[PDB]
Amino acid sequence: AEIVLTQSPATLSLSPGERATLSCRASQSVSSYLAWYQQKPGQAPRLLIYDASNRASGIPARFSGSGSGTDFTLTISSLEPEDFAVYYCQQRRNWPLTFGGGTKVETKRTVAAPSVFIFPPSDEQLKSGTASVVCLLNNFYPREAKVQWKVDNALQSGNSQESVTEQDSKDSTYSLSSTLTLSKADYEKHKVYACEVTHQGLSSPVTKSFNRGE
């Protein structure tokens, strides 16, 4: 609302040692009233740069900011492992104060296709009147992945939730779970359950399926 801040790109994928350039563009001029913040995983935001170009006390020299008017840049001259984080801009030119949407700086690695596994509901859970079908996508890169559920070759929507790990400190991959939730009654009506996985590392989408009742 009012002054809109747009950050580009949403994700930067780089390695330690490389230069990072983050962009912030404002919908109208904010003169020099623009600040940059870093937020490391599990921590509060921290001020990096105030009024466009001034480095905050305690902030390493490799951070710098420039720009005036509508176009602003945050540069990290050479990335350290602790700089993989999310970066936000914020203007104080006028009410309401507004933030950009954030740019995540993440670790680059080679494309790794997910290994896919499907888990039927357990017999214990079936007794309780609900059924959960779980699809696991393990150790993949990049983060973008699509999971679609098919029940008797029919596409599901609205009855599944995803959860994703943070980037692995060892191998820089992600893992992801998708859970389809059904009533016991609905579950015993159909036979074929499948999750289809689309990902850059798969030349064709991969499905894992099972027939209810083995």
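All residue numbers are counted from 1 along the displayed sequence.
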| item | value |
| --- | --- |
| Comparing 115-123 with 97-105, the one whose average Cα B-factor in the PDB entry is higher | 115-123 |
| Mean temperature factor over C-alpha atoms, higher-scoring stretch between 126-134 and 75-83 | 126-134 |
| Given 44, 151, 48, 176, the residue at which the Cα B factor reaches its maximum | 151 |
| Chain third (lowest, middle, highest) by recorded CA B-factor, residue given as residue 110 | highest |
| Modelled-residue ranking by C-alpha temperature factor, third containing residue 170 | highest |
| Chain-relative CA temperature factor third for residue 58 | middle |
| Position of residue 24 among the chain's modelled residues by C-alpha B-factor, lowest, middle or highest third | lowest |
| For residue 147, the third of its chain into which the C-alpha B factor falls | middle |
